[PDB]
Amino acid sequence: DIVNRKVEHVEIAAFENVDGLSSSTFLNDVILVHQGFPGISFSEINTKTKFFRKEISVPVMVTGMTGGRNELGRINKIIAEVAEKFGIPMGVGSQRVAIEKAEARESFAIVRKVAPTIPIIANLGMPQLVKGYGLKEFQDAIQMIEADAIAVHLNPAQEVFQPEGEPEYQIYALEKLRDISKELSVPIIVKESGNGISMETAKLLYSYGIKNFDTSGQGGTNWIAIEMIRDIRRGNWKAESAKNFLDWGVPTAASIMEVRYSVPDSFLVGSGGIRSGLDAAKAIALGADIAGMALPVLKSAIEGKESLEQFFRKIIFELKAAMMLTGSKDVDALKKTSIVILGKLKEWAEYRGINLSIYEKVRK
């Protein structure tokens, strides 16, 4: 019933009120400057971009979500087969459960069966690095789905409020991670889980050789909220404490700036409450290399394959519309299109010593 937590996560995320609960992406404060004369035609817009060694159709990825059981695997199947069809990369949920129990291995292995060509991304938790995971468990997760990269997740917020949570993040784990990167065939992405990557955390990770980040800021799926609900449900007293932390974290937009600024040469996924292609566009324009999505993908896949195919169409169209309307012929042009940064995001950046002049240069 670490597999029970797995179904509870999906069940709450999908059907309960946790999307952006008391949180904010700050994407509100980002405005793409409209170009009344785009200088391009809609049909010649090229959404292709690179994702490590492969090429992907759209600068969007599905980030890690689930696995560890049947109904969980058949979700992963729906996601993967559609992701394949659209040429967009897919992460899988934490593979811990598949390392601990061989029955859960199938619900992850299905992904590569049904999606042979797209980038697939493994997933293990940072806490497990403190609790005696090493080179072989990583290679396990990797070869189990023939992953093109592995995502190690940061979730100290969640672990703290989780009823069975493991809030251990000793510096030792980074020495280990860095050694494991020596021996690994594929690159590592470090990703948060709804609470965002600060420039301190980015710089630290970078100092240990981490080059790929996934922001996962607040404003999307509220993981403190999900554990709060699990806490309420067990009459665990932590529930009320969690309530005080519902807006803890770096908002996604702020995280994107923070990471891009503190480690310019990084490969950067901008995720955490990306809900439309416009949001994807803003995130990329703001500094991300690719935009990441979880929850809305889950909600669609639960409704069935074509429901999700319609979702990706809507996202892709939206993105292309933002590109069109900024005169951005391809992903590179979008990355350097004109933006306005307003309100709280501005105040944030200024206080954190993010120089708006030198920032415009770093993003391009």
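Throughout, rigid core stands for the largest set of C-alpha atoms superposing within 1.5 Å between the two forms. In this text, residue numbers run from 1 along the sequence as written.
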- Larger mean CA deviation from the shown form in 8 other deposited structures of this protein [core fit; 158 to 166 vs 237 to 245]: 158 to 166
- Task: Compare 94 to 102 with 271 to 279 and report which one shows the larger root mean square C-alpha deviation from this form in 8 other deposited structures of this protein once the rigid core is superposed.
- Result: 94 to 102
- Compare the mean C-alpha B-factor of 93 to 101 with that of 149 to 157 as given in the PDB entry, and name the stretch with the higher value. 93 to 101
- Read off the CA B-factors in the entry, average them over 44 to 52 and over 26 to 34, and name the higher stretch. 44 to 52
- Select one of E106, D214, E227, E200: the residue whose C-alpha shows the highest B-factor in the crystal structure entry. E106
- Of the choices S207, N222, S266, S181, which one's C-alpha carries the largest B-factor in the record? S181
- Message: Please place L356 in the lowest, middle or highest third of its chain according to the CA B-factor in the PDB entry.
- Response: highest
- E240: CA temperature factor from the record, placed by chain third, in the highest
- Query: By its CA B factor, does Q310 count among the lowest, middle or highest third of the modelled residues in the chain?
  - Reply: highest
- Lowest, middle or highest third: where is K113 by C-alpha B factor in its chain? highest
- Item | Record-listed C-alpha B factor of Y261: chain third | lowest
